[PDB]
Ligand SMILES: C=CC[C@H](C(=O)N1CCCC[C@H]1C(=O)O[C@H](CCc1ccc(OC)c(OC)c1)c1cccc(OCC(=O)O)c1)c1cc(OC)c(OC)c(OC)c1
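Heads up, the chain below is alone and in the form deposited without this ligand; it's given as structure tokens.
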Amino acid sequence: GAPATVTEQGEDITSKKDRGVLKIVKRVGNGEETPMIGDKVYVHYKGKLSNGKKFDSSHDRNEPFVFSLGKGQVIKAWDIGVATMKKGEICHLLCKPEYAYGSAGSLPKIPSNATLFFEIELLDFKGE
């Protein structure tokens, strides 16, 4: 399925080349511009654990998730990955725990040492 495919066929987008964050572009977005550091970014997403269970979804909440890019307001894989996206892009990200929740995990449903799968849509970005 899609997690296996990004694991085996994804591109390493880490600056250290440690394969901690792998990406596939699923829907090509608009133009060439990506957000810059500090921009307000608006995403839709769904996340799954490596046991197959959904752990989160903005679609199910009927509202996007909004954060300022490159500020550590989200897991490292998201700061790194969303920074590569175009407006309108949909991607898959495969995130090793060092770029996610590490040994701590995150209650209620993310265990320790968890590799995570996300589908992310970059809806919009704007400077403040």
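Numbers follow the displayed sequence, beginning with 1.
Not on display, but discussed next: the form deposited with this ligand bound.
Using a 2.4 Å cut-off against backbone and C-beta atoms, this ligand, superposed onto this form from its pose in the entry with it bound, places no atom that close, and the site is open.
Contact between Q73 and this ligand in the entry with it bound is found at the 4.5 Å heavy atom cutoff.
When contacts are judged by a 4.5 Å heavy atom cut-off, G47 counts as touching this ligand in the entry with it bound. At a distance threshold of 4.5 angstroms between non-hydrogen atoms, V66 is in contact with this ligand in the entry with it bound. Of the heavy atoms in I110, some are within 4.5 Å of this ligand in the entry with it bound. If you take 81 to 119 and check each residue for a heavy atom within 4.5 Å of this ligand in the entry with it bound, you get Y101, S106, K109, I110, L116, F118, in sequence order.
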